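Read on for two forms of one protein chain; each stands alone as structure tokens, with the labels structure 1 and structure 2.
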Structure 1
């Protein structure tokens, strides 16, 4: 993904403010709630039985951090997302071989969560820069190495 300096700045500035212990879990959690077939991919995570159980599940929350982790990595290596993410997908055997759409969905849910948290600071130009990144990351994580 090619980001303009203004786009880069918009992303980076707000990313520094993110609660890295919570946002990721909130995004992953709402995916499971809003798009419930996604629970199947997290069979191993235990109790995903209600909005509150989902949102309170430790492995949810933990995997959230990782979601953020992967976003940051993408941010750090935007000209080489396939480079950045081959080991990430390869350590999972087949678990990231799902439709690219669900990575798109997670990206969009992350956007909704960043809007929720940041309110008017998550302006339309800042959203637009984030959509570029979530699109790039989704594609690379779908890629199959």
Structure 2
């Protein structure tokens, strides 16, 4: 979707401060904990039962990174969201059959984790900008479903 220059600027500048070895994995592990049915896809990881196991399990943050990266690619090219995730869309929709609702569910837990690290500095306009982003991602990721 369209983004005002000061939206994209506030977005990218914030994304700069985002720890890329941690945040993504934390967003993922919370999703596992908050909406336990997604665990179904990941139980290959190890113990997913307790929140500490999930948050601790080394394959989880290992995984989150790749996911977080996948989100970094979005912020990189926001005009071609469909295309950037076109293949990723195939992995989840055509091979996996993830229900597209769990993309947004995850994009939101991400925005939660964003707000967790950045405190008052994650401002209502900045969320509102990121909301556009985790949507556009969730949709593009869901595009091969039609």
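Only residues modelled in both forms are compared. Note that the rigid core is defined as the largest set of C-alphas that superpose within 1.5 Å between two forms. Residue numbers count along the first chain shown, from 1.
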If you fit the rigid core between structures 1 and 2, which of 48, 88, 105, 112 ends up with a C-alpha shift of 2 Å or more? 88
Once both forms sit on the same core, give the Cα displacement of residue 127 between structures 1 and 2 in angstrom. 0.4
Give me the stretches of at least three consecutive residues whose Cα atoms move by 2 Å or more between structures 1 and 2 once the core is superposed. 86-97, 143-145
